[PDB]
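*Asks:* Each protein sequence line maps, in turn, to chains A and A'. A prime marks a further copy of an entry chain.
Residue 110 in the deposited numbering sits at position 91 of the first sequence, with consecutive numbering throughout.
Residue 284 in the deposited numbering sits at position 265 of the second sequence, with consecutive numbering throughout.
Heads up, the beta-carbon is just placed ideally off N, CA and C, and yes, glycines get one too.
Below is the structure I would like to discuss, written out as C-alpha cells.
2 protein chains.
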Amino acid sequence: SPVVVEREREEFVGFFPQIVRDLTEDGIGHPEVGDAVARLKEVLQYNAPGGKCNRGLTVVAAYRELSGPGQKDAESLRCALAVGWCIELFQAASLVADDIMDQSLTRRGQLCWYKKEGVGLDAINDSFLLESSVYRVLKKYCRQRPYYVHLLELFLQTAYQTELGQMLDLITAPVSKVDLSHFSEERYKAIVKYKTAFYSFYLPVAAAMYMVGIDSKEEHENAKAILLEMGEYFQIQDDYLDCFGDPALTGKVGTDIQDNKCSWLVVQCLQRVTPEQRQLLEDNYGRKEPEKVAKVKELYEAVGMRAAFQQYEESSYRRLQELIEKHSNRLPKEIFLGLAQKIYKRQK
Amino acid sequence: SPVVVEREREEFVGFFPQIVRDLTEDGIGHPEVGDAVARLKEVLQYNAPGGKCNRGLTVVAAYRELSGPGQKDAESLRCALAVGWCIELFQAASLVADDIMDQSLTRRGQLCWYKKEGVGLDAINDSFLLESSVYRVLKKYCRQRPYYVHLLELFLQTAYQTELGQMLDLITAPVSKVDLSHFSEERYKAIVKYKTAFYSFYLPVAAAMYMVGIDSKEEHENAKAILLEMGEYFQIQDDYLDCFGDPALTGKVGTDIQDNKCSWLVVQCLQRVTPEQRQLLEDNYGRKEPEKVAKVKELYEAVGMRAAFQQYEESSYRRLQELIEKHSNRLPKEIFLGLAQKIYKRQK
Ligand SMILES: CC(C)=CCC/C(C)=C/CC/C(C)=C/COP(=O)(O)OP(=O)(O)O
Ligand SMILES: CC(C)=CCC/C(C)=C/CC/C(C)=C/COP(=O)(O)OP(=O)(O)O
Ligand SMILES: [Mg+2]
Ligand SMILES: [Mg+2]
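Right, here's the structure in full:
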C-alpha cells in the first residue's frame, strides 16, 4: 500500500538509535575500551543508515505474512526489527569493504568512510567491527529463542558465500590484461548468484522462515529456488537502468563503464559482436573518456540492447511465476508476490 | 616433556592438510565457485601454517588435562585438534589484516600476502574468508555437541574484543602528531588486554573448559583472572626480548622502534624521563636511522631498562602464583603451570 508499507518503512527507520544504543551505550565510558566504542558509534552512524532499507524491511514484511495471531506480540515484532537491521549492518560492513578495494570516492551520496582523512586504511578494521555488530545484536535479541543457532548459522553461511562471490569479481575484473575474455555469462551470473543474490533475497525471507518455525530443509530449498531468480533479474535490471534508461531513476542516477564493471550489458554485447566492434568496445570500455564511454554505449546501441532486455524481462516474470507455482506449497505466495510487485518494473 | 609435548606438537601439525581438505575438497570443482575456492586454498596454505602453533596446541594440552577416561576417544581428540586450528586460523585472518594496515613488508619469514603482486588490496577479502574458515570448521566438527553454541559464542566474542584492542592501537599510534602523549601505561595495557590477551590465553583454555562441560560463568571468571596476567607479562616480555636481549632469541630476532610501536619499554621510559631525554627519545623514536634507533636504545639504557624489567618479572611470577591459589578451585593447576613453565623465562 501507499500506506502500511511506508509505515513499516518508518517503524524500521525509527529503530536505528536503539540498535545504536544497544551497540555502545554500555561501551561509551569503559575506562579501557571507551575511545574504541566511541569511534564505533560514528563508524556506525556514518555508515549503516542511508540506503532505502528495503533489505531489512523485507524480513519484517515476511515475518508479518508468516507468524500467526499468537506470534504478533510487540516482543516478537521487535526482533523481526532487530533481525532486520542485522542485514542492514551486514551490508554496511561489506560495502565499506568494497569501497577500499575498489578505490571509489563516493557512496550513497557521500564520501567513502576510508576517504575521510584520519581514517584511511583503518577502515579495514572498522569494517570488521560492523561485522561483529551483527552477531552482537542477534545475541542480544534472540539468544533465548529456539531458532538462535539457525539464525547464527544463516548469517554466518551467507557471508561466506558472498565473500566468495566478491572474491570472484576481484579476480574476474582486473586491468592487468583488462580482459573481456573471462567475462562469461556463466561467470557473470555466478558473481550475481553469490555476491548479491543470497544476502539480498534469501537471507531475509529465510530468516523470517526460521523465526516462525519452518526449518524444513527442502522448504528452504523451495525458497532459494524462487528468490534467486528474482535476485538475478533484479541485478540484471539494475544493470540496464544504469546506462539504458533514466527518467525518475532511483538509487543513483548518472552511470558507469569507466569502471571495467562486469555487467549483463557488456556480456550480452560481447556475443552479438564481431571482431570489428569486439575491439571497438573492448578498447574504449573500462575507460572514462566521454568519447569512449559515450561511444561504447553506441555499440550497445549498435548491437541493440533494450531488445534482449526486453526478451529478457519478458521471459523472466514468466519463469518466475512458474517457479512460484511449483515452489509455493507451504509458504504464502503473498510473499514472493510482494517482492515481485516492487522488483519487476523496468524502463523500456 | 622433551617428548610428549613435541609429539602433540606434531600431531597438530600433521593435522593441517586435513583441515585444508575439509575447507575446500568439495569446493575445488564447483562449476560456479571453483576459481574462488581454489584461490582459497593457497590463501589458506600460504598464510595459516608457519608459527610455532603454540596457541592451538594449548587447547589440546588443556582438553587433555581436563577430560576424563570417558572423554579421551579418538573422536574427542580430533575436535580438540580441530578447535585448535580454529585459533590458528583466527589469527591468520587477523594478521593478514594487520599487515595491510601497517604497510609491513615481511611476516613470519616471508613476504606479506598483500605484497605478492597480483594480490594487493584483494587481501582484504582474503582475510575475511580466513575468518569464515573458522566457523566452517567448528560447524563441521562440533555442530552436534552440547557445547556448539558456547564455542560459536566464544570465538565470536573474542574477535570483537580483539577487534576493539586493534582498533585501539590504530588510534593511539599515528604519526600525524606522532605523540608519546597518549602512550599511557593504562592505555598500553589496555591494548595488551584486548588485542592479544584474550585470543592468546583465554580463548583456548576456555574453549577446553566448555568442551568438557565447565560452563560455569564464575569459573570462566576464575580462568580469565589468572590467564590475563600471563598474557600481559607475556607481551610485556615479548616487548623486552625485542631490543633488550638476543642470545638464541626465538620468534624473530632483529628489532623495532623504526615502528612508532607502543611498547612497555617506551612507556616505562617516558616517566623515568625529564624534558631533556623526553625530547631526545620523543625525537629519534618511531624512526629508522641507525643513530637514532641505536640511540633511543641508549636512553632506555640511560634510564636503565632491565631493572624495571627485573622488578617486573620478579613481581609477576609472584602475583601469578597467588592468582592461581585463589582462582584454582575446580580447575587443575597443572594447566596454568604448564603455561608458566613455558612462558616465564626472560633474558637478564
Ligand atoms: C560479508 C562480508 C563482510 C564480505 C566481504 C567481501 C566484500 C567486500 C563483498 C562485497 C559485497 C558487495 C554487495 C559489493 C558491492 O558490489 P560492486 O563491486 O558492484 O560495487 P558497487 O556497489 O559500487 O556497485
Ligand atoms: C579477529 C579479527 C579478524 C580482527 C581484525 C582486526 C586486526 C587486524 C587485529 C590485529 C591483531 C594482532 C595480533 C595484530 C598484530 O599486532 P602488531 O600491530 O603488534 O603487529 P605485529 O605482529 O607485527 O607485531
Ligand atoms: Mg565499489
Ligand atoms: Mg604489522
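1) Relative to the C-alpha of A/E44, which candidate in A/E61, A/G33, A/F31 has its C-alpha closest?
2) Considering A/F328, what are the terminal residues of the alpha helix (DSSP H) in which it resides?
3) Please compile the residues from chain A' whose C-beta is within a distance smaller than 7 angstroms of the C-beta of residue 5 of chain A.
4) A/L175 versus chain A': which residues are under 7 angstroms apart at the beta carbon?
5) For A/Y207, which residues from the same chain have a beta carbon less than 7 angstroms from its beta carbon, with the 5 sequence-adjacent residues on both sides left out?
6) Does the beta-carbon of A/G184 have 16 or more other beta-carbons within 10 angstroms, so that it is buried, or is it exposed?
7) Here's the rule: buried if 16 or more other CB atoms are within 10 angstroms of the residue's CB, otherwise exposed. What is A'/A326?
8) Give a yes or no on whether the minimum CB-CB distance between A/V211 and chain A' is below 8 angstroms.
9) Is any non-hydrogen atom of ligand 4 found closer than 7 angstroms to the C-beta of A'/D258, if you look at the structure I gave you?
10) Kindly indicate which three-state DSSP category A/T191 falls into: helix, strand or coil?
11) If you count every other CB in all the chains shown that lies within 10 Å of the CB of A/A227, and 16 or more means buried, which is it?
12) Quick check on DSSP: helix, strand or coil for A'/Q180?
13) Got a sec, what are the start and stop residues for the alpha helix (DSSP H) A/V115 sits in?
14) State the Cα-Cα distance for the pair A'/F31 and A'/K367, rounded to the nearest angstrom.
15) Scan the segment 241-320 of chain A' and note each continuous alpha helix (DSSP H) run of 4 residues or more that stays entirely inside, going in chain order.
16) Please name the residue or residues paired with A'/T215 in a DSSP beta bridge.
17) So, are the CB atoms of A'/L175 and A'/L157 less than 8 angstroms apart?
18) Cα separation between residue 368 of chain A and A/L76?
19) Shorter than 8 angstroms from the beta carbon of residue 11 of chain A to some beta carbon of chain A'?
20) Measuring alpha carbon to alpha carbon, tell me which of A/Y166, A/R164, A/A209 ends up nearest A/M186.
21) Any C-beta of chain A' sitting closer than 8 angstroms to the C-beta of A/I190?
22) Please report the Cβ distance between A'/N66 and A'/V115, rounded to the nearest whole angstrom; I am assuming they are in contact, meaning their Cβ atoms lie under 8 angstroms.
23) Can you tell me where the alpha helix (DSSP H) holding A'/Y82 begins and where it ends?
24) Out of A'/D265, A'/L148, A'/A178, which has the shortest C-alpha to C-alpha gap to A/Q180?
25) For ligand 2, I want to know if A'/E107 counts as a neighbour, meaning its beta carbon is within less than 7 angstroms of at least one of the ligand's heavy atoms.
26) Apart from the five residues just before and just after A/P193, which ones in its own chain have a Cβ nearer than 7 angstroms to its Cβ?
27) For A'/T125, does the count of other Cβ atoms within 10 angstroms reach 16, so buried, or fall short, so exposed?
28) Do the CB positions of A/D261 and A/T274 come within less than 8 angstroms of each other?
29) Kindly examine ligand 4 and report whether one of its heavy atoms sits closer than 7 angstroms to the Cβ of A'/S146.
30) Quick test of the definition: if touching needs 3 or more C-beta pairs under 8 angstroms, does the segment 326-343 of chain A touch the segment 245-257 of chain A?
31) So does the segment 102-122 of chain A' actually touch the segment 222-240 of chain A', counting three or more Cβ pairs closer than 8 angstroms?
32) Which value, in whole angstroms, describes the spacing of the CA atoms of A/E320 and A/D188?
33) Could you list which residues in chain A have their beta carbon closer than 8 angstroms to that of A'/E182, in chain order?
34) Does chain A have any CB closer than 8 angstroms to the CB of A'/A178?
35) Inspect the beta-carbon positions of A/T177 and A/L222 and report whether they are closer than 8 angstroms.
36) Tell me whether A'/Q254 is buried or exposed, calling it buried when 16 or more other Cβ atoms sit within 10 Å of its Cβ.
*Replies:* Well, looking at it:
1) Within the first sequence, numbered from 1, the residue matching residue 44 of chain A stands at position 25. The option with the nearest alpha carbon to A/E44 is A/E61.
2) The residue labelled residue 328 of chain A in the question sits at position 309 within the first sequence. Note, A/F328: alpha helix (DSSP H), 324-343.
3) With chain A covering 20 to 367 only, the question about residue 5 of chain A has no answer from this structure.
4) In the first sequence, the residue the question calls residue 175 of chain A occupies position 156. Under the 7 angstroms cutoff, chain A' gives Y154.
5) Within the first sequence, numbered from 1, the residue matching residue 207 of chain A stands at position 188. The residues are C281, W283, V286.
6) Residue numbering aside, residue 184 of chain A sits at position 165 when the first sequence is read from its first letter. A/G184 is buried by the Cβ-count criterion.
7) On the second sequence, position 307 is the one that residue 326 of chain A' refers to. Exposed.
8) Here residue 211 of chain A corresponds to residue number 192 of the first sequence, with the count starting at 1. No, A/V211 does not count as interfacial toward chain A'.
9) If you number the second sequence from 1, residue 258 of chain A' lands on position 239. Flag unset: Cβ of A'/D258 not near ligand 4.
10) Working through the first sequence from its first residue, we reach residue 191 of chain A at position 172. Of the three classes helix, strand and coil, the one that applies to A/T191 here is helix, per DSSP.
11) The residue given as residue 227 of chain A occupies position 208 in the first sequence. A/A227 is buried by the Cβ-count criterion.
12) Residue numbering aside, residue 180 of chain A' sits at position 161 when the second sequence is read from its first letter. Three-state DSSP puts A'/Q180 in a helix.
13) Here the question's residue 115 of chain A lines up with position 96 in the first sequence. Residues 93-121.
14) Within the second sequence, residue 31 of chain A' is the residue found at index 12, counting from 1. Within the second sequence, residue 367 of chain A' is the residue found at index 348, counting from 1. Approximately 33 angstroms, taken between the alpha carbons.
15) 283-288, 294-303
16) Residue mapping note: residue 215 of chain A' aligns to position 196 of the second sequence, counting from 1. Looking at the DSSP assignment, A'/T215 forms no beta bridge with any residue, so it has no partner.
17) Position 156 of the second sequence, counted from the start, is the residue given in the question as residue 175 of chain A'. Position 138 of the second sequence, counted from the start, is the residue given in the question as residue 157 of chain A'. No; because the gap between Cβ atoms is not below 8 angstroms, this pair is not in contact.
18) Because residue 368 of chain A is not part of the residues shown, which for chain A are 20 to 367, the question remains open.
19) Limits of chain A in this structure are 20 at one end and 367 at the other, which puts residue 11 of chain A out of reach.
20) Counted from its first residue, the first sequence places residue 186 of chain A at position 167. For A/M186, the nearest C-alpha among the options comes from A/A209.
21) Taking the first residue of the first sequence as 1, we reach residue 190 of chain A at position 171. It does; some Cβ of chain A' falls within 8 angstroms.
22) Here residue 66 of chain A' is taken as the residue at index 47 of the second sequence, counted from 1. Here residue 115 of chain A' is taken as the residue at index 96 of the second sequence, counted from 1. With 8 angstroms as the limit, A'/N66 and A'/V115 qualify as a contact, their Cβ atoms being about 6 angstroms apart.
23) Counting from 1 along the second sequence, the entry for residue 82 of chain A' is found at position 63. Here the alpha helix (DSSP H) through A'/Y82 covers 73-85.
24) Here residue 180 of chain A refers to the residue found at position 161 when the first sequence is read from its first residue. Nearest of A'/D265, A'/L148, A'/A178 to A/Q180, Cα basis: A'/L148.
25) Position 88 of the second sequence, counting from 1, holds the residue named residue 107 of chain A'. Incorrect: A'/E107 has no Cβ contact closer than 7 angstroms to ligand 2.
26) Here residue 193 of chain A is taken as the residue at index 174 of the first sequence, counted from 1. Excluding positions up to five away in sequence, the list is empty.
27) In the second sequence, residue 125 of chain A' corresponds to position 106, counting from 1. Exposed, by the Cβ-count rule.
28) The sequence position of residue 261 of chain A within the first sequence is 242, counting from 1. The sequence position of residue 274 of chain A within the first sequence is 255, counting from 1. Against a cut-off of 8 angstroms, the Cβ pair of A/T274 and A/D261 comes out as a contact.
29) Taking the first residue of the second sequence as 1, we reach residue 146 of chain A' at position 127. Not under cutoff, so the answer is no.
30) yes
31) yes
32) Stepping through the first sequence from its first residue, residue 320 of chain A is reached at position 301. Stepping through the first sequence from its first residue, residue 188 of chain A is reached at position 169. Taking the straight line from one Cα to the other gives about 26 angstroms.
33) As a position in the second sequence, residue 182 of chain A' is number 163, starting the count at 1. Under the 8 angstroms cutoff, chain A gives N144, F147, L148, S151.
34) Locating residue 178 of chain A' in the second sequence gives position 159, where the first residue counts as 1. At least one chain A Cβ lies under 8 angstroms of A'/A178.
35) Taking the first residue of the first sequence as position 1, residue 177 of chain A is located at position 158. Taking the first residue of the first sequence as position 1, residue 222 of chain A is located at position 203. A contact, by the Cβ cut-off of 8 angstroms.
36) Here residue 254 of chain A' refers to the residue found at position 235 when the second sequence is read from its first residue. Buried, by the Cβ-count rule.
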